[PDB]
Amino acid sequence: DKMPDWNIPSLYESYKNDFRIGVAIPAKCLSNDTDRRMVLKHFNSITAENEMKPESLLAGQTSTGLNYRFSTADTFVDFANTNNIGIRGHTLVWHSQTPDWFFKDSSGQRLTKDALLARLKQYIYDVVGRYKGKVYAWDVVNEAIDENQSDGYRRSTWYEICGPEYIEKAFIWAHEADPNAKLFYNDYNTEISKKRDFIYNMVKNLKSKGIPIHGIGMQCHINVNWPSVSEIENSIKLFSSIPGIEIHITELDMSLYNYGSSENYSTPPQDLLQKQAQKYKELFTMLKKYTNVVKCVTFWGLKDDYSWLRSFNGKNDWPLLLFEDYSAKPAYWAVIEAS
């Protein structure tokens, strides 16, 4: 019952003078002929949905250091390179997607600050080094801010062991490993003002002291009701005021539900699909005002049944531009209209 249309306007071509248009995909897409063709029709950037996270690249440790498993990640990078498209690296440093043993020595004892920083340098040098010249943008540090803390730093094991210097050092080391990669700090809830402020000050302070951070990634996991496009625009305006900082919209999707809502639909309500289309049109019209700083917009999934939101929230959802049968949604046509 697949109904892909190979002749409708290409998303990336429609935005070719504005910014790259990207998609997150899991490994299975790379061995599915329909998925591969749809990716290459519409997108000129990809992100590995999970296959380049620390838990995915780490295979284990010994007393002399880390062991890796790169076979699947290599397929992603090779796919992007051979097809003349970008691949964004997701992600070098992230509290929630790293195994607990990474923060311990080979005997099971929690690493000291000095030993963990040494392991961070090793990890970044090895991973960024393997893909040197091949990954145009890395999310070097992901989700290091927690606006419920007075100093704004998430109390992850990284922070508990190292203090905040793990962040700046990750950027220094990634830039040494590939001086031509664009290096990003990536986060969600950038439209919560207190969190936006912590992110802004952290990145600005890194940049002012010479840390090689080149961009802010705004995940933009949004919904049809929140945040407003104007609040997203407020974030772009503030972050873009830092000299030398570009912006990638890294994980865009738009749930049909309010956050924390018990609504649960078996099929997508048309009124909500229409609100979704209206808001996507508004969003892309706004983003087109900022092409001097917004350089890439990636959607977090190819089509609605591939969305991480279905498993995460335990219910059907329709957050993307293509339906389960590969056909175009009202949201697709709205994004084309905004171009």
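Note that residue numbering begins at 1 and tracks the sequence as displayed.
139-147 and 264-272 differ in mean CA B-factor, and the higher of the two is recorded for 264-272. When the two stretches 294-302 and 64-72 are set side by side, the higher mean Cα temperature factor goes to 64-72. Highest CA B-factor among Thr34, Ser307, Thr47, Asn44, as stated in the entry: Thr34.
Of all the options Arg119, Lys237, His90, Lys195, the entry's greatest CA B-factor is assigned to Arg119. When all modelled residues of the chain are sorted by CA temperature factor, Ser56 is found within the middle third. Among the modelled residues of its chain, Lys281 has a C-alpha B-factor that falls in the lowest third, as given in the PDB entry. Compared with the other modelled residues of the chain, the Cα B-factor recorded for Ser230 ranks in the middle third. Compared with the other modelled residues of the chain, the Cα B-factor recorded for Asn17 ranks in the highest third. Placement of the Cα temperature factor of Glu251 within the chain: lowest third of the modelled residues, per the deposited record.
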